[PDB]
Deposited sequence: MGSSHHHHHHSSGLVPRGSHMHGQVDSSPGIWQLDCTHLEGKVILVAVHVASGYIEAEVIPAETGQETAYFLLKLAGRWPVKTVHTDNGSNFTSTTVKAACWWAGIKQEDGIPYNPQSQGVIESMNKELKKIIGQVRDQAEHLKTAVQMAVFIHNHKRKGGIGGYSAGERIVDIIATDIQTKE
């Protein structure tokens, strides 16, 4: 559980926002890319695994599960690459609700930023610092520190 993440890809403004969610806390990282390719997804996972202890990634779709570039990055970074089948149907709804929340936030900041990527990083910051009370950024640190100890 401390090491499980879920990938999620959503679209805005003709661009793709790729998100990684730490399942147990709801903390996220995200980036904007022109399109969702195995190379872009692989680089994002290499970034994420250098920053947090990523044990398992549930991929967002079957193309990123199949991609040998993605599997190569998961081999390099020591990540178990898994599918994203919602055996718990609660997963589908959690992800959809998170994408709607992020787009809501992006719309609330959108006019402070010329480029979408700035608005998306503002939305990551607001999401991770939101107290719901602890924030997702507090929960992820607590969860992982508890595992380490």
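According to the record, no C-alpha positions are given for deposited positions 1-27, 160-163, 181-183, numbered from 1.
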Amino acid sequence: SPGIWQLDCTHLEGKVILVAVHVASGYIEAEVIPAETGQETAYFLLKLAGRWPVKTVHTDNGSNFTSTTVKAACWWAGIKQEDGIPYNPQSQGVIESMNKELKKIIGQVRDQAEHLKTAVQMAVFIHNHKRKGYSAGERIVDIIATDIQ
From here on, numbers count along this sequence of modelled residues.
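Mean CA temperature factor is higher for 133-141 when stretches 14-22 and 133-141 are set side by side in the entry. On average the C-alpha atoms of 108-116 have higher B-factors than those of the other stretch, with 77-85 and 108-116 being the two compared. Going by the entry's values, 35 shows the largest Cα B-factor out of 35, 30, 45, 122. When the Cα B-factors of 67, 92, 61, 41 are read from the PDB record, 92 comes out highest. Per-chain ranking of the deposited C-alpha B factor places residue 98 in the highest third. In the PDB entry, residue 7 places in the lowest third of its chain by CA B-factor.
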